[PDB]
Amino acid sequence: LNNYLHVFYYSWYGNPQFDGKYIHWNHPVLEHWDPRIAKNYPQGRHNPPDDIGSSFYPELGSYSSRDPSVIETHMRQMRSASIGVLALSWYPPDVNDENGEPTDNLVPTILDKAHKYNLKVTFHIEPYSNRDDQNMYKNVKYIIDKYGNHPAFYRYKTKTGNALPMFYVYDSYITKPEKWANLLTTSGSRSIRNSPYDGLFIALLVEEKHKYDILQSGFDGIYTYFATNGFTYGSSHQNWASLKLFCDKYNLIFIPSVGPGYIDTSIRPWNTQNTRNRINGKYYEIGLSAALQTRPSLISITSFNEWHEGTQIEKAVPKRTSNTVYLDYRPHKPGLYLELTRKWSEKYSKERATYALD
């Protein structure tokens, strides 16, 4: 199991049988900012189970994230891909993404199932409204006190035997560096540095200029998230050598994010510019290769199951309805991306063993 390979995981899917209604599968079409443009595209919520807010269709159907057999299947798949860690999309208790319901209540269950498969769970902190240094302090504390003693709680284990929580902070650039510095610098007014609540905070780099903001904020690392090559400076793998060099100079953990493709046009029909064909696994393999070449301390995978954005490596199956032919992994099997991950994970694991100065 490769503990240096992290995958972005989403627990926001629901169905009537487990949640009392569809959640996320019935995603609305997101309106373009200009309503003159939006009026020429589809509108309203998708209608599961045959019409979902994805360009692909899961082997598990319009599943519930809260179904314990679904969680087990997911853990099996990640273990068989040789992924050691899932980075769980997270909102604070009683808060949720704008298209979903609260998910913090499910964390204990996900931890238990992860433990069953020797997997670890870290946290991908989403941009909840009014997220700032004050409430991030409280949420970090909350996460560590509540889940920190679970044996599947992820900690980056240094060779020195220190073991630090990790937090990926999505769209961290929304909060000013002077606010972050309150939490993340040694002498910030509400610093968690050197407290029992210390950890490795990874910032999302979008634009090149964010490099500098990230230094000023006191983050420990950078990640790039987006699966589309060319969408941002960070998501373009031509720039990963430079980011790696920068991170090395400044003692930051570089975590490039690699994806198998992208397509979100079931929910963002205006966003065809960022669509990337999977090329029967070759897009993913080019990403994985480009990441391995930078000799990174960790690699992240976008994603296990962001089905709206078509970046999932979770098992997908052919499906045709009266008006839709879903995308799929034909001519390969539903486990294609799991197999390709296992291959590159073992390369990365063997190569990463020879990075060390000792």
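Residues carry their position along the shown sequence, with the first being 1. Each form is matched to the other, and the largest set of C-alpha atoms that superpose within 1.5 Å is called the rigid core.
Put simply, when the other structures in 6 other deposited structures of this protein are lined up on the rigid core, the C-alpha atoms of 89-97 lie farther off than those of the other stretch, from 215-223 and 89-97. Here 160-168 and 282-290 are scored by the root mean square distance of their C-alpha atoms in 6 other deposited structures of this protein, with each structure fitted by the rigid core; the higher score goes to 160-168. Compared with other deposited structures of the same protein, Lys333 does not meet the criterion of being unmodelled in at least one third, since all of those that resolve residues on both sides include it.
Across the other entries compared, none leave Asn323 without coordinates where the residues on each side are present, so it is far from a third.
If you average the C-alpha B-factors over 111-119 and over 223-231, the higher value belongs to 111-119.
Averaged over their C-alpha atoms, the temperature factors of 345-353 and 332-340 are higher for 345-353. The residue among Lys211, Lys249, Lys176, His124 whose C-alpha atom has the highest B-factor in the PDB entry is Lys176. In this structure the maximum Cα B-factor among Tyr326, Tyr63, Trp33, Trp307 is found at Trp33. Ranked by Cα temperature factor within the chain, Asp67 sits in the highest third according to the deposited record. Sort the modelled residues of the chain by CA B factor and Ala38 lands in the highest third. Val258: CA B factor lies in the lowest third for its chain, per the PDB record.
Annotation for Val7: C-alpha temperature factor in the lowest third relative to the rest of the modelled chain, per the entry.
Annotation for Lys141: CA B-factor lies in the highest third of the chain's modelled residues.
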